[PDB]
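Structure first, commentary second.
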Amino acid sequence: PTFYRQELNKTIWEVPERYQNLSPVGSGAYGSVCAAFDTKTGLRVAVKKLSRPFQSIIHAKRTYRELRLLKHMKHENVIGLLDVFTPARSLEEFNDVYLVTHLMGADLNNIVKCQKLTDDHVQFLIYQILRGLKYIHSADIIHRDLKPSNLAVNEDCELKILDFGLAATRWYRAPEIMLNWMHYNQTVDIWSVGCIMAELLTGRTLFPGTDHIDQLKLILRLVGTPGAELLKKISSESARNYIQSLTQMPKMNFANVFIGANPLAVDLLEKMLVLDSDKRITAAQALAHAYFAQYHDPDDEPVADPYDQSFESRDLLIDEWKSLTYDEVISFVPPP
Ligand SMILES: O=C(CO)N1CCC(c2n[nH]c(-c3ccc(Cl)cc3)c2-c2ccncn2)CC1
Ligand SMILES: Fc1ccc(-c2c[nH]nc2-c2ccnc(F)c2)cc1
């Protein structure tokens with residue numbers, strides 16, 4: 001189609017004429033986001049322009065990664081791709097990438113911030129995060145940085161997860177990541193959901209750590225210092241010296257810490273915020289918890305198609321990553 005050009009916040013935007021009335025809404029991962037009206041579909045959309053998508057090998061691979069991830073995700077509670085385009089007419093001229101999705105009006109950081117949610121709202125918002133995570137996790141994808149600011153929400157409380165798989169943000173991070181364990185599992189995301197849910201219910205950051213050390217201190221204050229079963233799983237001499245040097249802490253009584261909350265919410269919280277990540281509830285199990293009795297339907301909580309992440313192990317030239325991304329743009333098929 002016919003492109004047209006404009007400057008918005010120092011940044012140039014060259015987009016097809018179908019997208020009208022571009023309006024800056026803020027920063028995205030590795031780029032800027034504009035709200036727009038899609039004259040073809042009649043949809044309000046969000047367009048992200050990647051900044052310097054092919055600046056280095058790291059950027060090139062990251063651009064490919066995000067495009068591959070967005071092309072794969074087709075789920076109500078996960079951001080997906082409505083369109084992807086470039087003003088470039090050929091591979092040699094290919095230097096910019098624009099990604100388009102449904103416009104979402106706010107995020108949970110905007111919502112919780114100075115606005116108290118009812119237990120009914122929390123059930124629905126957390127149900128939707130878990131339903132999305134079930135899907136993401138079934139594709140062997142980990143979010144790794146789940147936090148209120150990457151949960152997009154509309155005025156009717158429909159929620160989508162963004163910025164998954166790209167990999168303070170500290171506040172929502174699993175303690176095994178604070179300890180720098182490289183073999184963490186998908187349940188790091190469940191830890192983050194627990195932190196988020198706690199905050200939705202209480203109106204305060206559960207673990208507002210001032211650094212990595214402070215963050216673990218705050219976590220261990222609630223959940224206790226590791227037991228013997230967990231300590232035996234820590235290979236790192238240094239990590240063990242640190243953890244075993246702290247004054248032992250008992251696990252607190254969650255019913256007391258979150259007193260006044262729905263006892264079912266308290267129960268789910270204790271299953272999510274388990275120190276040993278092997279013992280944490282999974283997204284699929286969490287959906288079946290009684291807290292979500294009014295929302296849960298196992299016939300309407302789909303899993304994802306298999307997703308090939310083998311490229312992640314590959315070390316390629318910028319031009320190779322760029323060409324792979326270009327072919328992914330050209331092969332894009334929009335949804336129905
Ligand atoms: O922090 C803020 C605002 O202060 N924001 C929260 C994050 C928010 C945001 N970040 N990234 C996207 C995005 C856009 C298109 C694609 Cl294909 C993929 C990701 C959005 C967004 C914005 C609106 N609707 C949908 N996505 C931008 C605004
Ligand atoms: F203070 C602590 C101690 C251990 C964890 C922890 C939770 N789940 N898994 C681990 C873990 C397993 C193996 N090696 C590690 F380094 C960490 C988290 C905080």
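Note: hydrogens, waters and symmetry copies are ignored here, and every other heavy atom, side chains too, is used. Throughout, numbering of the chain's residues begins at 1 and tracks the sequence.
Separating the NE2 atom in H143 from the CD1 atom in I129 is a distance of 10.0 Å, to the nearest 0.5 Å. With rounding to the nearest 0.5 Å, the separation of CZ in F332 from CG in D327 is 15.5 Å. Interatomic distance, CG of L220 versus CD of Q248, reported as 10.5 Å (0.5 Å rounding). Distance check: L230 CG to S277 OG gives 8.0 Å after rounding to the nearest 0.5 Å. With rounding to the nearest 0.5 angstrom, the OG1 atom of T325 is 11.0 Å from the CD1 atom of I318. Between the SG atom of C34 and the CG atom of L103 there is a distance of 10.5 Å, given to the nearest 0.5 Å.
Contacts classified as salt bridge (charged side-chain N to carboxylate O under 4.0 Å, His left out) and involving residues 226-251 (residues at least two apart or in different chains) are given here: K233-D276, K233-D278, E237-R240. Judged as a side chain to side chain donor-acceptor pair (under 3.5 Å), the pairs with a partner in residues 252-263 (not counting sequence neighbours) are, in order, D119-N262. Sorted by first then second residue, the salt bridge (charged side-chain N to carboxylate O under 4.0 Å, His left out) pairs that include residues 76-96, not counting sequence neighbours, are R18-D83, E76-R131.
Taking the six-membered ring for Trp and the full ring otherwise, the centers of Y64 and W321 sit less than 6.0 Å from each other.
Aromatic ring pairs are classed by plane angle as parallel below 30°, tilted from 30° to 60° and perpendicular above 60°; the pair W181 and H183 is perpendicular.
Within the 3.5 Å criterion, the main-chain N or O of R5 finds no donor-acceptor partner in the side chain of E14. A distance-only check finds no donor-acceptor pair linking the side chain of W171 to the backbone of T205 [under 3.5 Å]. Not a single donor-acceptor pair under 3.5 Å links the side chain of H72 to the backbone N or O of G80. A donor-acceptor pair is defined here as one N or O able to donate and one able to accept, closer than 3.5 Å; such a pair exists between the side chain of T282 and the backbone of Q285. A distance-only check finds no donor-acceptor pair linking the side chain of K48 to the backbone of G28 [under 3.5 Å]. One N or O on the side chain of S313 and one on the backbone of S310 form a donor-acceptor pair closer than 3.5 Å. Here the side chain of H75 pairs no donor or acceptor atom with the backbone of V78 at under 3.5 angstrom. With hydrogens and angles ignored, the 3.5 Å screen pairs a side-chain donor or acceptor of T11 with a backbone N or O of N9. With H296 contributing its side chain and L287 its backbone, the two residues share a donor-acceptor pair below 3.5 Å. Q128 contributes a side-chain N or O that, together with a main-chain N or O of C157, makes up a donor-acceptor pair within less than 3.5 Å.
The closest side-chain donor-acceptor pair between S192 and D189, if any, does not fall under 3.5 angstrom. Side-chain N/O atoms of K71 and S331 include a donor and acceptor closer than 3.5 Å. Side-chain contact, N185 with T187: a donor N or O sits under 3.5 Å from an acceptor N or O.
Heavy atoms of other residues, nucleotides or ligands lying less than 6.0 angstrom from CG of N154 number more than 12. Other residues, nucleotides and ligands place more than 12 heavy atoms under 6.0 Å from the CD atom of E7. Counting non-hydrogen atoms of neighbouring residues, nucleotides and ligands closer than 6.0 angstrom, the CD1 atom of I58 reaches no more than 12 such neighbours.
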**Study point:** Verdict with supporting geometry, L146 and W191, side-chain contact (heavy atoms from CB on, under 4.5 Å)
**Key:** CA-CA 9 Å; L146 242 199; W191 181 273; over 6 Å; no
Review point. After noting the C-alpha distance and the side-chain angles of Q215 and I219, does the key distance pass the side-chain contact (heavy atoms from CB on, under 4.5 Å) rule?
Key: CA-CA 6 Å; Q215 187 71 34; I219 292 164; 4.0 Å; yes
Exercise for review: Run the numbers on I141 and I136 for side-chain contact (heavy atoms from CB on, under 4.5 Å), then give the verdict.
Suggested key: CA-CA 6 Å; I141 294 172; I136 293 163; 3.5 Å; yes
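Two residues are said to be in side-chain contact when any heavy atoms from C-beta on lie closer than 4.5 Å; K61 and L316 fail this criterion. Using a 4.5 Å heavy-atom cutoff, the side chains of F311 and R68 are in contact. Side-chain contact between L159 and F124 is absent, with no heavy-atom pair separated by less than 4.5 Å. Side-chain contact check for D107 versus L151: every heavy-atom pair is 4.5 Å or farther apart. By the 4.5 Å heavy-atom criterion applied to side chains, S149 and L108 are not counted as neighbours. Residues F94 and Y326 meet the side-chain proximity criterion, which asks for heavy atoms closer than 4.5 Å.
Judged by the 6.0 Å and 45° rule, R62 forms a cation-pi pair with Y30. Taking the centre and axis of the six-membered ring of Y172, the NZ or CZ atom of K147 falls outside the cone set by 45° and 6.0 Å.
Taking a 4.5 Å side-chain heavy-atom cut-off between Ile, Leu, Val, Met, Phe, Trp and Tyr, the cluster of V45 extends to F3, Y4, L8, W13, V15, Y19, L22, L43, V47, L82, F85, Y98, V100. Listed by chain and number, the hydrophobic cluster partners of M182 come to none, as no ILVMFWY side chain reaches under 4.5 Å of it.
Hydrophobic clustering of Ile, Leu, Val, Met, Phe, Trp and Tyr side chains at less than 4.5 Å, counting indirect connections, keeps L317 apart from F54. No single ILVMFWY cluster, assembled from side-chain heavy atoms under 4.5 Å apart, contains both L162 and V25. If you chain together hydrophobic residues whose side chains sit under 4.5 Å apart, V84 and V33 never meet in one group.
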Please list every donor-acceptor pair under 3.5 Å in which a side-chain atom of residues 263-275 meets a protein atom from a residue at least two apart or in another chain.
residue : atom : partner : partner atom : Å
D267    : OD1  : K271    : NZ           : 3.2
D267    : OD2  : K271    : NZ           : 2.8
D267    : OD2  : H289    : NE2          : 2.7

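Ionic pairing of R65 and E312 is present here: one or more N-O contacts between side-chain nitrogen and carboxylate oxygen are shorter than 4.0 angstrom. Ion pairing of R204 with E199 is absent here, as no side-chain N (NZ or NE/NH1/NH2) approaches a carboxylate O to less than 4.0 Å.
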